[PDB]
Amino acid sequence: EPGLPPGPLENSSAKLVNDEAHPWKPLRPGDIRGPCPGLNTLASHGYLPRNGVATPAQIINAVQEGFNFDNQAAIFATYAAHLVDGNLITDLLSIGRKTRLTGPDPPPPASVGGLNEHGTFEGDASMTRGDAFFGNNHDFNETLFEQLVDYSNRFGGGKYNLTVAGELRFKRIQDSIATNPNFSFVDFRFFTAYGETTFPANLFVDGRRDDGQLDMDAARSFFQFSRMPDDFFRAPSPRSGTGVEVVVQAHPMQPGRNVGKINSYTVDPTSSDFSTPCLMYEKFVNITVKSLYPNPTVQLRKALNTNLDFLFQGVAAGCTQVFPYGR
Ligand code: HEM
Ligand SMILES: *[C@@H]1O[C@H](CO)[C@@H](O)[C@H](O)[C@H]1NC(C)=O
Ligand SMILES: *[C@@H]1O[C@H](CO)[C@@H](O)[C@H](O)[C@H]1NC(C)=O
Ligand SMILES: *[C@@H]1O[C@H](CO)[C@@H](O)[C@H](O)[C@H]1NC(C)=O
Ligand SMILES: *[C@@H]1O[C@H](CO)[C@@H](O)[C@H](O)[C@H]1NC(C)=O
Ligand SMILES: *[C@@H]1O[C@H](CO)[C@@H](O)[C@H](O)[C@H]1NC(C)=O
Ligand SMILES: COc1cccc(OC)c1O
Ligand SMILES: [Cl-]
Ligand SMILES: [Mg+2]
């Protein structure tokens, strides 16, 4: 019932992806878009179902076909998101808000809240979306985008590149520390917050150039309108987070959180960090997934174990698989 994770592209060359079969269309009533401009764009070009509800296999195929996201990264992200935000029985995940379209819900404490669910996959210090504490963690924010433009002007000669990513990533962390008393920057979010800042440079840059310099017209088109530029070619090879080391090196940070007040950022020594990637995977499964499904019934336990096996396919070589519900 859960389909097998798709394999890598047979042909990963750059090609036109804004093509006749995948035109941009505006939203219809009920169409769901969320905090990810990549998935949003794929839905708005029909690489995913246009209503924003999809299976993990549909998501993996879409990120590969439309943007040349690499297979390992696609698998890890998709199954992580599905485990914490999707319906494991129906095999459906919303790319934004919680919806009845993902089917009959499992029992509490599982939320099946879609990608909009705060603190599962989605988290604080996003580039163009506000922190959940401020009321909306999913819609495009013009003020935040204008700051991205400003940082691109200051550090990228008017373009978004890895140097800009390094500076903006830090600025957003510092702004959340100063204003969000509930700011959390540990474990899974600590990792994804860095990786996501490379994606516009690696994946939104036309693949015929692949120069890591994203122009602001293209940036707005993706971030605000979920729309590929006219004649957009995808990247010329599979990739996801390459160059994340540049972003980290610009302003190395420890994982931590504000402790109920602004300007109280307190390092968490129980968090994983970039020195312990396997711990990030182990805590995600043992703590995050397990807490949503502490004592699942038979069909849920089976679906959990299958999706956990799929998640492990995307885990970097050298980590040991963990089994929260037995073998
Ligand atoms: C493979 C499955 C994917 C999933 C499940 C996924 C999910 C998400 C989620 C939940 C966020 C919000 C994190 C946060 O800021 O709090 C996010 C951010 C982001 N995603 Fe993805 N994503 C995926 C692939 C991609 C791809 C292929 C691209 C580009 C082609 C992309 C581009 C981005 C960008 C740029 C952000 C940051 C948005 C911002 O901070 O303003 N994603 N994604
Ligand atoms: C792979 O796709 C590219 C772009 O569409 C094309 O030029 C190339 O010849 C394809 N390779 C094969 C083996 O068909
Ligand atoms: C506040 O932080 C906790 C995690 O420490 C999280 O469970 C909760 O959803 C957060 N809420 C908002 C609006 O940030
Ligand atoms: C956008 O972000 C700014 C800056 O953090 C915030 O003040 C504003 O309330 C957000 N929302 C909108 C709708 O502009
Ligand atoms: C970003 O652009 C600026 C200005 O062109 C340049 O100095 C810097 O080296 C660029 N960084 C990257 C990683 O391309
Ligand atoms: C996760 O649970 C497994 C037992 O299934 C255990 O071996 C492992 O040490 C745990 N890891 C963490 C980080 O809790
Ligand atoms: C490969 O890593 C990732 C995959 C999907 C989303 C991410 O950031 C939100 C991310 O950092
Ligand atoms: Cl790949
Ligand atoms: Mg966020």
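Counting of residues restarts from 1 for each chain and follows the sequence as written, so the numbers need not equal those of the entry; residues with no coordinates are not shown. All chains are assigned letters beginning with A, and all ligands numbers beginning with 1, in the order in which they are written. As a convention, hydrogens and water are excluded, and side-chain values are obtained from all of the structure's heavy atoms.

- Listed as the method for this PDB entry is X-ray crystallography; the listed resolution is 1.36 Å.

- With the PDB entry as reference, the protein chain is termed UNSPECIFIC PEROXYGENASE, source organism Agrocybe aegerita.
- UniProt positions are given in the numbering used here, feature names are shortened, and annotations may be inferred rather than shown by experiment. UniProt, in the comment section headed Sequence similarities, describes the protein chain in these words: "Belongs to the chloroperoxidase family."

Concerning the packing of helix α4 (residues 142-155) against helix α7 (residues 216-223)
So, step 1. It is the contact of α4 with α7, at a shortest axis distance of 11 Å, that shows an interaxial angle of 155°. Taken together, the axes of α4 and α7 lie roughly antiparallel to each other. Crossing of α4 over α7 shows right-handed handedness. Together, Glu142, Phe145, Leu148, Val149 and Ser152 of α4 and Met216, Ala219, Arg220 and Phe223 of α7 make up the contact between the two elements. Lines fitted to C-alpha atoms define the axes, with helix axes restricted to the stretch in contact, and inter-axis angles between N-to-C directions lie between 0 and 180 degrees. Labels follow the DSSP assignment, with helices taken as runs of H or I lasting at least four residues and strands as runs of E lasting at least two, numbered in each case from the N terminus. Relative orientations are named as follows: roughly parallel for angles under 35 degrees, roughly antiparallel for angles over 145 degrees, roughly perpendicular for angles from 65 to 115 degrees, and oblique for any other angle. Left-handed describes a crossing whose near helix is turned anticlockwise from the far helix through less than a right angle; right-handed describes the clockwise counterpart. Contacts were defined at the residue level, with two residues in contact if any of their heavy atoms lie within 4.5 Å.

Notes on the side chain of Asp70
So, step 1. Mapping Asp70 onto the fold places it in the loop between α2 (56-67) and α3 (71-85).
So, step 2. Classification of residues uses two cut-offs on accessible area relative to the type maximum, computed with a 1.4 Å probe and protein chains only: under 20% is buried, over 50% is exposed, and between them is partly exposed. Positive charges come from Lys and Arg, negative ones from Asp and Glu, while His and the chain ends are left out of the count. Basic side-chain nitrogens of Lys or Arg form a salt bridge, by our definition, when they fall within 4 Å of a carboxyl oxygen of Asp or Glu. Buried charge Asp70 goes without a salt bridge, the closest partner of opposite sign being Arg239 at 7.6 Å.
So, step 3. One polar contact links the side chain of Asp70 to the main-chain amide nitrogen of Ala73, over a distance of 3.2 Å.
So, step 4. In this structure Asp70 touches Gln64, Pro238, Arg239 and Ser240, once residues within four positions along its chain are discounted. Contacts described as polar in this section are N or O atom pairs within 3.5 Å, which, within protein, must combine one atom able to donate a hydrogen with one able to accept it, while residues neighboring in sequence count only if both atoms come from side chains.

Considering the site of ligand 6
So, step 1. Taken together, the residues surrounding ligand 6 are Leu279, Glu282, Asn286 and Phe323.
So, step 2. Between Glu282 and ligand 6, the recorded distance is 2.9 Å, taken from a side-chain N or O atom to a nitrogen atom.
So, step 3. Contact between ligand 6 and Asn286: an oxygen atom at 2.3 Å from a side-chain N or O atom of the residue.
So, step 4. Only the protein chains shown count as covering a residue, and every accessible area follows the Shrake-Rupley method with a 1.4 Å probe. In isolation ligand 6 has 360 Å² of accessible area, and contact with the protein removes 47% of it.
So, step 5. When residue character is reported, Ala, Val, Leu, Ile, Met, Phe, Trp, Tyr, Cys and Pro are called nonpolar, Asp, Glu, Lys and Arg charged, and the others, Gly included, polar. Its residues assigned to classes, the shell around ligand 6 comprises two nonpolar, one polar and one charged. Residues are counted as near a molecule or strand when any one of their heavy atoms sits within 4 Å of it.

A look at the coordination of the iron atom of ligand 1
So, step 1. One donor from the polypeptide reaches the iron atom of ligand 1: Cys36 (SG), at 2.5 Å.
So, step 2. With respect to the helices and strands, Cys36 occurs in the segment before α1 (37-44). Coordination shells were defined by N, O and S atoms within 2.8 Å of each metal, extended to 3.2 Å for Na, K and Ca; water is absent from the atom set, which can make sites look incomplete.

Observations regarding unusual backbone geometry
So, step 1. Along the chain, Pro108 connects to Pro109 via a cis peptide bond; the corresponding omega equals 15°.
So, step 2. Residue position: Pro109 is located in the loop between β2 (93-94) and α4.
So, step 3. Residues other than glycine seldom take positive phi values, yet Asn263 does so here, at roughly 55°.
So, step 4. Mapped onto the elements of the fold, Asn263 is located in the loop between β4 (256-257) and β5 (266-267).
So, step 5. For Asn263, a relative accessible area of 54% translates into the label exposed.

A closer look at the site of ligand 1
So, step 1. The immediate surroundings of ligand 1 are formed by 26 residues, with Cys36, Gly123, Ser126, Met127 and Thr128 found nearest.
So, step 2. Separating an oxygen atom of ligand 1 from a side-chain N or O atom of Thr128 is a distance of 2.6 Å.
So, step 3. A distance of 3.3 Å is found between an oxygen atom of ligand 1 and a side-chain nitrogen or oxygen belonging to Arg189.
So, step 4. Contributions of two or more residues to the shell around ligand 1 are made by α1, α2, α3 and α6 (187-203).
So, step 5. If one sorts the elements of the shell around ligand 1 by residue count, α6 sits on top with five residues.

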